[PDB]
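One-letter residues, chain by chain:
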Amino acid sequence: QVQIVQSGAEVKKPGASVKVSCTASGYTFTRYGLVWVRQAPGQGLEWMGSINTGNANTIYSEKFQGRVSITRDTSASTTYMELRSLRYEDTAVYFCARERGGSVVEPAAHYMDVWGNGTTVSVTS
Amino acid sequence: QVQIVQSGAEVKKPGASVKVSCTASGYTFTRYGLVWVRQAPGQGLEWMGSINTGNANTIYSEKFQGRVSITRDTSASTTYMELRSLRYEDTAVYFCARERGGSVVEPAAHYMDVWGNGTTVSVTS
Amino acid sequence: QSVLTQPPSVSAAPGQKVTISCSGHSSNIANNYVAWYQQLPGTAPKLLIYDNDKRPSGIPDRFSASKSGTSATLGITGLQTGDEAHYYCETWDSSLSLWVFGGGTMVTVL
Amino acid sequence: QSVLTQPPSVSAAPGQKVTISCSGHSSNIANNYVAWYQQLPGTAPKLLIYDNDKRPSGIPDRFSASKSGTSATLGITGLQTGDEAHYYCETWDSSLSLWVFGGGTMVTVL
Amino acid sequence: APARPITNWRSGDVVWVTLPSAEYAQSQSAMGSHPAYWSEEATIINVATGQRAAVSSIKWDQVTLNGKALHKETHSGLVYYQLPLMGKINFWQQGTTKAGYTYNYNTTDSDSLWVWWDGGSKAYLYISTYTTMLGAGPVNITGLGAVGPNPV
Amino acid sequence: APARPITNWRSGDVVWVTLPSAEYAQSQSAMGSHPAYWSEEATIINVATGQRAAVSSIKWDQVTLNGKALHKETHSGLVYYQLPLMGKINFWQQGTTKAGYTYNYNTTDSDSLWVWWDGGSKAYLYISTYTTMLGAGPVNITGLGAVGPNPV
């Protein structure tokens, strides 16, 4: 039924451009949105940005000045997340999940009911 | 029935404190508000300030820095208007009228249905 | 320097029609309601129109008004000689927080 | 330095009750809805509670939650050993415009 | 057996009010010193049962909600009555599409119909409003609401 | 002669809608790319006549307002139907006092009930909302409106 599959694990170098893909099946792709959350080895959950699968609307986090781009492909039913100028801190498991809700007006409500198993990205030498 | 009666004509000097009163009868005093409009010999109508006959709330024109105070006397069913530091420009007929409406939030509506015959104030030497 | 600019004067033959204009500045009329008053020479102002088109119970059907965009319009259909008076438009202004009046318009039957 | 501060860890005897706190800052929880997630070791997060009290169809009745004032509270009535997981609270923040997560709470049956 | 009398109200009933020549109030005590639109001669309609009467002809001291007497709130030494209703009260200019909004238009709290009644044939019906969006008045206003829980 | 069928609508009728397990939509095309609360299995009630049916069981192509066919608006290649109603639409959490407000909560324009219908037993009922004030969903929502003028 509902599933999300992510790309394989990636090992990179200081200064790089990782692209992680998340493909979702079992439901209408444009009916819901998609989120991107990273989790460091010892750390919690850090929201990176959301996509609007219908009209490609995108919001990000201000933690990165500009390093993150989330792109969708409705025909392929997959989303893509891009990171730039990597340092030894983007080392995290990157999660793609399905969004329910998504308003940013002050009575805001949004959750993630279907999660991806994550992709491990490493920045070493 | 509904009537508004004002004080008599006044002649003053440069620098004074005129007080003109407006007594209303035939209706519930606190049900409506009261306005004060002056009209120079050759000039139109100039709003000066409104009063709340129920809560003594007052608004004023910003043309005068501070020279105008409007006060109510519910027991006597009359309102009072005060002007300070008079010059040869307060020479006008001063009108007291009954207010219908009175909101200042941007969909604002307010009119005057019962007027007084006015009081002539003169500033000469 | 009135905020709500009006024509100084208008005229029509007895029984003709007159339209009185009242221009705003989009902080006065465009959002708020407008009222109309008439002042006969040497007397108190009288209520003619409220809420942009409404007549009090003593005003006949000749006087009609409406407001569109930034301007509001007053008209009299059937101009009797006893209409020699000044006419004012009033509404609230938000930039300058006042109940600004129109400049006045003297209609003459001639 | 998580905005939504949580206790690092909580514990209760098998079959006892535990409560998880999640403090706000009047911009996070005071106005916005809060969601709850649990993450078993080395696995994906799972939805537990949404809209401050609502359970998805697969979560049993042991888990309940509510939000009052600035803080939100998660509780489990009946603590099976198969609840050794981290728990997170999520809501929106307006000052820093983010979907901020709670710091995580590790519940251990001991 | 006749229909349920208009004095009898149940939660979830639909209330239809007509406010002829309603006029704006800057502050209403039963609304917490907030603006209102009120009518001299309003009429109340129970939409489900089709019974109706003029508000001024209703003995508000014997009006029941769920079998219990209506909440009475005395401000300024005047008896006010509260007909609660789920959600906000929706009101518009009569016979036209133009609509008004209540004072708490931006929040989640509901509204209630307020009536001031003098013992006798004089009642005023009060509707929450934010400003003079329908004008200063007099103006014909129709309102619609769904009767809410019995207040505690 | 039976009562007026639920497919038959007149201006000034009172419409009662129940939206079970309604969920939030960020943008609804029939609302001009504005948020909505919509339900898989909503129910529509004509309060005056007491007739009702599930929205999914209604052939929306043969629903009449004042004797004329309902306005149809095709955005994104999907047929949407519009049931106009005077004033804004009242919706709240079902069985509770918490209330929602529409997107044009601050203005004078009215609202309408939108139905997406597939020819068959699949219909979605859309209600204007400003944000997730009742949550992300699913959430049980009850709405109320008064059927308005026939659009031109």
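Criteria and thresholds
- Residues numbered from 1 in each chain as written, not as in the entry; some residues may be left out.
- Chains lettered and ligands numbered in written order.
- Heavy atoms only, no water.
- Pairing = 2+ DSSP bridges.
- Helix = DSSP H or I, 4+ residues; strand = E, 2+ residues; numbered from the N terminus.
- Axes fitted to C-alpha atoms, helices over the stretch in contact; angles between N-to-C directions.
- Disulfide = S-S within 2.5 Å.
- Buried < 20%, exposed > 50% of the residue type's maximum accessible area, 1.4 Å probe, protein only.
- Contact = heavy atoms within 4.5 Å.
- Buried area = accessible area lost by both parts, 1.4 Å probe.
- Salt bridge = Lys/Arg side-chain N within 4 Å of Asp/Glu carboxyl O.
- Polar contact = N/O pair within 3.5 Å; in protein donor to acceptor, adjacent residues only side chain to side chain.
- Nonpolar A, V, L, I, M, F, W, Y, C, P; charged D, E, K, R; others polar.
- Core = buried A, V, L, I, M, F, W, Y, C linked by side-chain atoms within 4.5 Å.
- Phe/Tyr/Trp six-rings, centres within 6.5 Å; stacked < 30°, edge-to-face > 60°.
- Least-squares fit on C-alpha atoms.

- Determination of this PDB entry was carried out by cryo-EM to a resolution of 2.54 Å, according to the record.

### Overview of the sheet that holds strand β8 (residues 78-84) of chain A
Residue and element names in this part refer to chain A.
Logical step 1: The 4 strands are arranged β1-β3-β8-β7 in an open sheet whose pairing can be described as antiparallel. Only two strands of the sheet have a single neighbouring strand rather than two, namely β1 (3-6) and β7 (68-73). Here the average twist between neighbouring strands, direction ignored, is 20 degrees.

### Re the state of the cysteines
Residue and element names in this part refer to chain B.
Logical step 1: Summed over all chains, the structure comprises 4 disulfides over all chains.
Logical step 2: One disulfide in the model links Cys22 with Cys96; its S-S distance is 2.2 Å. Because the torsion about its S-S bond is -65 degrees, the bridge between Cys22 and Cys96 counts as left-handed. With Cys22 in strand β3 (residues 17-25) and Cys96 in strand β9 (residues 92-101), this residue pair connects regions lying 74 residues apart in the sequence. In terms of burial, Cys22 and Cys96 fall into one category: buried.

### What about the interface of chain F and chain D?
Logical step 1: Chain F puts 8 residues into the contact, and the matching count from chain D is 4 residues.
Logical step 2: Summed over both partners, the interface of chain F with chain D buries about 390 Å², with 40% contributed by carbon and sulfur atoms.
Logical step 3: Looking at the side of chain F facing chain D, the largest losses of area belong to F:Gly135, F:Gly137 and F:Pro138, adding up to 53% of the total buried there.
Logical step 4: The interface formed by chain F and chain D contains 0 salt bridges.
Logical step 5: Taken together, the links from chain F to chain D amount to 5 residue pairs in polar contact.
Logical step 6: A per-class count over the side of chain F that touches chain D returns 4 nonpolar, 3 polar and 1 charged.

### What about the nonpolar core?
Logical step 1: Ranked by size, the top nonpolar core spans 70 residues in total, and within it E:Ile44, E:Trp60, F:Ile44 and F:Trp60 carry the most contacts.
Logical step 2: When neighbours within four sequence positions are excluded, E:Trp60 is seen to be in contact with E:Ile44, E:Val55, E:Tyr81, E:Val115, E:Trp117 and E:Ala123.
Logical step 3: Listed in part, the 47 residues of the second largest apolar core include B:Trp47, B:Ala109, C:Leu48 and C:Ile76.

### Re the interface of chain F and chain E
One frequent convention defines the size of an interface as the accessible area lost when the parts assemble.
Logical step 1: With 25 residues of chain F in contact, the opposing surface of chain E contributes 27 residues.
Logical step 2: Between chain F and chain E, a total of about 2,200 Å² is buried, with carbon and sulfur atoms accounting for 65% of that surface.
Logical step 3: At the boundary of chain F and chain E, one finds 9 residue pairs in polar contact.
Logical step 4: Contributing elements (two or more residues each) for the side of chain F that touches chain E: β2 (14-28), β9 (78-93), β10 (99-100) and β13 (139-147) of chain F.

### A short note on the packing of aromatic side chains
Residue and element names in this part refer to chain A.
Logical step 1: By the definition in use, this model includes 37 aromatic pairs over all chains.
Logical step 2: For the ring pair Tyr27 and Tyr32, a centre distance of 5.5 Å and an interplane angle of 65 degrees mean the geometry is edge-to-face.
Logical step 3: Taking the relative accessible area as the measure of exposure, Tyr27 reaches 19% and is therefore buried.
Logical step 4: We classify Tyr32 as buried; its relative accessible area is 11%.

### A word on the relation of the copies chain F and chain E
Logical step 1: With an RMSD of 0.1 Å, the operation that places chain F on chain E is a rotation of 180 degrees combined with a shift of 0.0 Å along the axis. Such a combination of rotation and displacement between the chain copies is what one expects of a two-fold axis. Considering only C-alpha atoms, the part of chain F nearest the rotation axis is F:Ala48, at 2.7 Å.
Logical step 2: Of the residues that chain F buries at the interface, 100% are likewise interface residues in chain E, meaning the two copies contact each other through the same surface.

### Observations concerning the arrangement of the chains
Logical step 1: For the 7 pairs of chains in contact, the maximum contact count is reached by chains E and F.
Logical step 2: Between chain A and chain B there is no contact; the minimum C-alpha to C-alpha separation amounts to 23 Å.
Logical step 3: At their nearest point, the C-alpha atoms of chain B and chain D are still 26 Å apart, with no contact between the two.

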